[PDB]
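Protein chains in written order, with the entry's author numbering: chain D, 1 to 42, 45 to 279, 285 to 360, 369 to 441; chain E, 75 to 143; chain C, 1 to 440.
The beta carbon of each residue, even a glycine, is placed where N, CA and C say it ideally should be.
Please read the structure below before turning to the comments.
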Amino acid sequence: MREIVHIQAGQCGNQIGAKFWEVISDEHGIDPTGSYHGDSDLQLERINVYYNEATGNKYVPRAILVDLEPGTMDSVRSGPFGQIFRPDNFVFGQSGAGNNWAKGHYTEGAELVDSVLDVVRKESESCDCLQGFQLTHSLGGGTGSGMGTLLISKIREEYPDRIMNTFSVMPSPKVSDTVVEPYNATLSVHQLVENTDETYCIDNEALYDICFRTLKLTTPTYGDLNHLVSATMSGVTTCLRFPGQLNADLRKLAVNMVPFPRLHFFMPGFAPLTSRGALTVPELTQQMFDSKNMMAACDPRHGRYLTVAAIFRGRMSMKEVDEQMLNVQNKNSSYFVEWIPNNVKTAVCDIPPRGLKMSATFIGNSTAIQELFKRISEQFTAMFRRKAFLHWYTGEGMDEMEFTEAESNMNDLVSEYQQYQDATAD
Amino acid sequence: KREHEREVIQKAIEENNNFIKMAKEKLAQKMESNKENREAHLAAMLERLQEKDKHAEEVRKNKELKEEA
Amino acid sequence: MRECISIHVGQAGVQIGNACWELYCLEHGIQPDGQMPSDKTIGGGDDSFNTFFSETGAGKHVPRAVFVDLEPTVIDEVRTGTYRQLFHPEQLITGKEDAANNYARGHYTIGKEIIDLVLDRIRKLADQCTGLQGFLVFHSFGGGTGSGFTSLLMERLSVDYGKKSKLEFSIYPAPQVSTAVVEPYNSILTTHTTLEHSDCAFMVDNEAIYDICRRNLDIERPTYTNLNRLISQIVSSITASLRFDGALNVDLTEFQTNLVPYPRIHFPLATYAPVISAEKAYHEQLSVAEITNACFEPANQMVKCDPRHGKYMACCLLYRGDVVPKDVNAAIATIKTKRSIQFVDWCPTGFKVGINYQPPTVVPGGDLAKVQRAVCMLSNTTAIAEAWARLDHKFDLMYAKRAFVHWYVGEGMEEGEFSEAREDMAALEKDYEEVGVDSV
Ligand SMILES: Nc1nc2c(ncn2[C@@H]2O[C@H](COP(=O)(O)OP(=O)(O)OP(=O)(O)O)[C@@H](O)[C@H]2O)c(=O)[nH]1
Ligand SMILES: Nc1nc2c(ncn2[C@@H]2O[C@H](COP(=O)(O)OP(=O)(O)O)[C@@H](O)[C@H]2O)c(=O)[nH]1
Ligand SMILES: [Ca+2]
Ligand SMILES: [Mg+2]
Ligand SMILES: [Mg+2]
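Below, the structure is given as structure tokens:
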């Protein structure tokens, strides 16, 4: 088998991590007790990618729960699927991080990082053939951002030849008011460029807009945002969890999606996105390429597509899907780079998600993702020029030099995206 | 003519052996060069990660110095 | 005597191997358990089908084949499939981690860990041969194993078997069923590395096969199963001379003499007819002239190219079924006066003909109709260089920006290997231009 080790750090990481395990357990027919009560052999054919098999035909998720406070993880254990997780895989501290990246990365997370690595090492030893790791966390906090990036580097040190995948939640003023989130995001992005192979940009700015503008939710809660995350995370891992030919493992996905090592930040998309209160393949295809369906607050028509992965789920005409995918590329040829031929790959899965007859999941590597990083950089520089709240970081041992280096590296990342956006075949 | 017949078949043997020799040597050079290159790339990756660990130790040590004052 | 060993590499090679060996068993009356009631010599023999099948004491007819893949799931289907009793377990070799569509991993990082075991298993088959003639290597161009590991195997086979014949069935990538953006890279790398180690290579363009299934078989969205059933028919036609005996049967090596004028010009163009559905074939018998004429329709070629815009260096017709030379000669004479058949000035214009009387067979439940007579044309035309040109153009677009190259450099390869491989392709395209120029 080709196993994936799942890690969730911080409050946001454990929240969206819990919802991810609930959704895929339902798709694979796994109850909260870890038993299988499904009706399709396709559910168990690649079940070992995310689940360990124990005595009594029990399927235990290969997930590790990490936080610097017991609060979020205690509620996870009390959740609907809290009893399906391995109790020894809970690694929590007491002091917390206080939304300080340095405490997560240098002071408090470093005291707990070794205990997490022991659980990671235990899960990796029992892997027949480990693919790599997927991390769920946010970049605006202290534990998921600080200790999450610390865990990536430490794991990269012991598993340098494995794929490092992250589901990173981008901070936005429309969701949380912690004013130093641009600091934490920039410091985390500085680490994600160097130590991850592929990162899904889950932007709370886009999640709020979808819930408000599209889903008509005046007061979007974290549950409303996480429902979009769970649907997106289920779609992007469909090729990993079910039999298929395209992007069936993390490395093949990275090879098809990452043309240059630093440009590995993806723009997720999902369709349909309809609110409470018959869909066709052309409508499903057109909707998934629309900016309103993106999980990152970026307009793809403000940039150019380097690589795109498209996943269709449900019973539909594969002939129609091929025609519509060709149609959207021909009609939007200017938005796909000419120097990467056939850069759009399409996969079809028979099993649809829960509650949907048909769905489409969009994975794009677009130069328009610089809009997301520009928004973070603009908020970062608005405070760093005033040296606001810096003593909370420098008091843990950091200096202003590290903030400047993180700012420059992210600004370089934007420049590199603009470079290949302006590149031409001739 | 008998001498020429011997020279032709010996020439065929020599060229076949030389082709085998060249194929074996070229492959061994490629496999050794590839092994060194991949190990060098992994060594550079690990060294950068170790430098991050050294930076982290410096940061934590810097916190103890200011806490004393 | 004259045994042939088949090597199936990667998913494409293995799955095409499944279709071919199932078709071979149906053609020779071999049961899924390997028993062949018509074979009265138990435990061995020198019959024509023994070039592809060895015989055990228990009467089992075992393919002279090795299946190799760096990932187990595809070959696991063989281990549990309908023809699982056909192969000894040691003939099916699997790793745990594939090459991830990366030539470097298939050739170096992962392939080096299994290459010695594969050669040992191949040696075991060779030791059972009294007259080993050569190898048939089935692989894709675009996959990491099909490109990287195949070239590594071909280099090792040249060392361990000298200049013994090695023929390829190579799957040319098509966007309709491709699975990796870097397939032009893997295609150029494996073509360069294998070029001096291959005596003859039959390229199969997946788009050509895809179009034939849609156009001639009314399949809306052809699958690998649809494509592989058609591919095995062409492979069966090519190998029918080795597996069957007849007065008008002409050995494939004899065709190979005409097909390869220079060592690097060894990529014949294959055209097969008739490809027709059961509904359309009912009450519609296709004659020798009709199937021969379809061989010069470019829509029936296994590689998309225009021979009418190139020059011929060889033309071979491989008939099977109810075919006699009188009908062949009349059909050829009609075609010579109605088709754009221009030969280079340094080559004879005669057509080389072979006939196997054994009628074509079809897998039950397939889409191909069972016909009384079929033909496969093997032509050496300069137009096949267009397939290189399309692949090389895709290579140049990505390599000018060094896109995805870090995945190869990270596995130990150097940029020099890319430029060296591309320059060899440029020389290969130049070679095909040079052979088409008239003599002075
Ligand atoms: N005709 C045909 N082509 C196939 C088949 N399977 C894969 N391909 C083609 O082969 C190419 C990909 O190579 P694969 O054989 O699947 O990959 P591989 O050789 O196993 O190498 P890795 O999986 O990367 O380690 C694509 O262009 C596919 O279209 C098949 O069954 N029939
Ligand atoms: N989408 C989503 N975002 C969250 C959730 N919880 C926290 N966040 C975001 O994460 C950031 C705060 O990070 P947090 O998880 O509290 O930090 P940590 O617990 O120290 O790792 C804020 O910008 C929030 O918008 C959640 O359940 N869903
Ligand atoms: Ca016999
Ligand atoms: Mg919080
Ligand atoms: Mg494979």
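Per the contact definition of three or more C-beta pairs closer than 8 angstroms, is the stretch 227-241 of chain C in contact with the stretch 12-26 of chain C? Counting Cβ pairs under 8 angstroms, three or more are found: they touch.
Let me see if you follow: with CB-CB separation under 8 angstroms, is D/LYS326 close to chain C or not? Stepping through the first sequence from its first residue, residue 326 of chain D is reached at position 319. Judged by the 8 angstroms Cβ criterion, D/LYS326 is in contact with chain C.
How many angstroms separate the CA atom of C/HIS61 from the CA atom of D/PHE92? Counting from 1 along the third sequence, the entry for residue 61 of chain C is found at position 61. Counting from 1 along the first sequence, the entry for residue 92 of chain D is found at position 90. If I take the Cα positions, the gap works out to 57 angstroms.
Exercise. Does the distance from the C-beta atom of C/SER170 to that of C/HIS139 stay below 8 angstroms?
Worked result: By 1-based counting over the third sequence, the position of residue 170 of chain C is 170. By 1-based counting over the third sequence, the position of residue 139 of chain C is 139. Yes, the pair counts as a contact, with Cβ atoms nearer than the cut-off.
For D/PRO173, is the classification buried or exposed, using 16 other Cβ atoms within 10 angstroms of its Cβ as the cut-off for buried?
-> Walking along the first sequence from the start, residue 173 of chain D turns up at place 171. D/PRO173 is buried by the Cβ-count criterion.
Does any C-beta atom of chain D lie closer than 8 angstroms to the C-beta of C/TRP407? Numbered from its first residue, the third sequence carries residue 407 of chain C at position 407. Yes, because at least one Cβ of chain D sits closer than 8 angstroms to the Cβ of C/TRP407.
Review point. Taking the alpha carbon of residue 281 of chain D as the point to measure from, which residue in D/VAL328, D/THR240, D/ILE212 and D/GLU330 has its own alpha carbon closest?
Key: No coordinates exist for residue 281 of chain D; the numbering of chain D passes from 279 to 285 with nothing in between.
query: Hey, does E/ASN136 have any beta-carbon neighbour from chain D nearer than 8 angstroms?
result: Here residue 136 of chain E corresponds to residue number 62 of the second sequence, with the count starting at 1. Interface residue, yes.
Handout entry: Proximal residues, the stretch 388-413 of chain C versus chain D, C-beta separation under 7 angstroms
Key = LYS394, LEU397, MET398, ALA400, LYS401, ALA403, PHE404, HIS406 and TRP407
### Message
For D/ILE4 and C/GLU155, I'd like the C-alpha separation in whole angstroms.
### Response
Taking the first residue of the first sequence as 1, we reach residue 4 of chain D at position 4. Taking the first residue of the third sequence as 1, we reach residue 155 of chain C at position 155. Each residue's Cα considered, the two are about 35 angstroms apart.
CB contact flag (D/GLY410, D/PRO359, <8 angstroms):
Along the first sequence, one-based indexing puts residue 410 of chain D at 395. Along the first sequence, one-based indexing puts residue 359 of chain D at 352. Contact: no.
Which residues have a Cβ closer than 6 angstroms to any heavy atom of ligand 4, listed in chain order? D/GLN11 and D/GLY143
**Prompt:** Under 7 angstroms Cβ-Cβ, which residues of chain E neighbour D/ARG158?
**Reply:** By 1-based counting over the first sequence, the position of residue 158 of chain D is 156. The answer, in chain order, is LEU123.
- Less than 7 angstroms between the CB of C/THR145 and some heavy atom of ligand 3, yes or no? Here residue 145 of chain C is taken as the residue at index 145 of the third sequence, counted from 1. No; taking the cut-off as 7 angstroms, the Cβ of C/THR145 has no heavy atom of ligand 3 nearer than that.
Neighbour flag for C/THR56 against chain D, beta carbons, 8 angstroms: Position 56 of the third sequence, counted from the start, is the residue given in the question as residue 56 of chain C. Chain D contact via Cβ: absent.
(Q) So if I threshold CB-CB distances at 8 angstroms, which residues from the stretch 110-137 of chain D count as touching chain C? (A) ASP130 and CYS131
When the Cα atoms are used, what is the spatial distance from C/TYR408 to C/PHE418?
-> Locating residue 408 of chain C in the third sequence gives position 408, counting from the first residue. Locating residue 418 of chain C in the third sequence gives position 418, counting from the first residue. Looking at the two C-alpha atoms, the distance is approximately 10 angstroms.
I need the straight-line Cα distance from C/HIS197 to D/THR198, nearest angstrom please. For the purposes of this step, residue 197 of chain C is taken as the residue at position 197 of the third sequence. For the purposes of this step, residue 198 of chain D is taken as the residue at position 196 of the first sequence. CA-to-CA, the gap between C/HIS197 and D/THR198 works out to about 39 angstroms.
Open item on the list: Under DSSP, the beta strand (DSSP E) around D/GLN133 begins and ends at which residues?
Closed with: Taking the first sequence and counting its residues from 1, one reaches residue 133 of chain D at position 131. D/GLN133 -> beta strand (DSSP E) spans 132-140.
Could you list the residues in the stretch 147-172 of chain C with a C-beta less than 7 angstroms from some C-beta on chain E, going in chain order? For the stretch 147-172 of chain C, which is checked against every Cβ of chain E, the residues closer than 7 angstroms are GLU155, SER158, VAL159, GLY162 and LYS163.
Under the criterion of a Cβ to heavy atom distance below 7 angstroms, does C/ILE231 qualify as lining ligand 1?
Locating residue 231 of chain C in the third sequence gives position 231, counting from the first residue. Correct: C/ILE231 has its Cβ closer than 7 angstroms to ligand 1.
Distance between C/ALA383 and C/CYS305 (C-alpha atoms, nearest Å):
Looking up residue 305 of chain C in the third sequence gives position 305. Looking up residue 383 of chain C in the third sequence gives position 383. Spanning the two alpha carbons is a distance of roughly 6 angstroms.
Inset, instruction - In angstroms with no decimal places, state the Cα-to-Cα distance between residue 448 of chain C and C/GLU290. - result: No statement about residue 448 of chain C is possible, as the shown extent of chain C runs from 1 to 440 and does not include it.
### Query
Do we get a CB-CB distance below 8 angstroms when we pair C/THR109 with the residues of chain E?
The sequence position of residue 109 of chain C within the third sequence is 109, counting from 1. Cβ-Cβ to chain E under 8 angstroms: yes for C/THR109.
Quick check: does the Cβ of C/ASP245 come within less than 7 angstroms of any heavy atom belonging to ligand 3?
To locate residue 245 of chain C, count along the third sequence from 1; it is residue 245. No, ligand 3 has no heavy atom inside 7 angstroms of this Cβ.
Q: State the beta-bridge partners of D/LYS352 as determined by DSSP.
A: Position 345 of the first sequence, counted from the first residue, corresponds to residue 352 of chain D. Residue pairing of D/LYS352 in beta bridges, as defined by DSSP: D/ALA316.
Original post:
Considering E/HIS78, what are the terminal residues of the alpha helix (DSSP H) in which it resides?
Top reply: Taking the first residue of the second sequence as 1, we reach residue 78 of chain E at position 4. Where E/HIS78 is concerned, the enclosing alpha helix (DSSP H) stretches over 76-142.
Spatial neighbours of D/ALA256 within its chain, please: C-beta separation below 7 angstroms, excluding the five flanking residues on both sides. Locating residue 256 of chain D in the first sequence gives position 254, where the first residue counts as 1. Spatial neighbours of D/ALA256 in its own chain (CB-CB distance under 7 angstroms, excluding positions within 5 residues in sequence) are listed in chain order as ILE165, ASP199 and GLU200.
Any Cβ of chain D within less than 8 angstroms of the Cβ of C/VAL181?
Counting from 1 along the third sequence, the entry for residue 181 of chain C is found at position 181. Judged by the 8 angstroms Cβ criterion, C/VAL181 is in contact with chain D.
*asked:* Going by DSSP in three states, D/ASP69 sits in which element: helix, strand or coil?
replied: Locating residue 69 of chain D in the first sequence gives position 67, where the first residue counts as 1. D/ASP69: strand per DSSP, three-state reduction.
In whole angstroms, give me the CA-to-CA distance for C/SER287 and D/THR382. The count along the third sequence starts at 1 and reaches residue 287 of chain C at position 287. The count along the first sequence starts at 1 and reaches residue 382 of chain D at position 367. Near 58 angstroms, if we compare the C-alpha coordinates of D/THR382 and C/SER287.
request  = Just mark C/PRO37 as buried or exposed, buried being the case when its beta carbon has 16 or more other beta carbons within 10 Å.
outcome  = Residue mapping note: residue 37 of chain C aligns to position 37 of the third sequence, counting from 1. So C/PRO37 ends up on the exposed side.
Taking only beta-carbon atoms, is C/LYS112 less than 8 angstroms away from chain E?
By one-based count along the third sequence, residue 112 of chain C stands at place 112. True, the Cβ-Cβ gap to chain E drops below 8 angstroms.
Using only the alpha-carbon positions, how far apart do D/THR234 and D/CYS203 sit? Mapped onto the first sequence, residue 234 of chain D falls at position 232. Mapped onto the first sequence, residue 203 of chain D falls at position 201. Cα to Cα, the separation comes out at about 11 angstroms.
Notebook entry, point to check: Of the residues C/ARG2, C/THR334 and C/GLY146, which one's Cα is nearest the Cα of C/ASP98?
Noted result: Mapped onto the third sequence, residue 98 of chain C falls at position 98. Minimum Cα distance to C/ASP98 is reached at C/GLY146.
* To do: Run the CB neighbour count on D/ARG390, radius 10 Å, all protein chains shown included, and call it buried at 16 or more, exposed below.
  => Locating residue 390 of chain D in the first sequence gives position 375, where the first residue counts as 1. Buried, since its Cβ has 16 or more Cβ neighbours within 10 Å.
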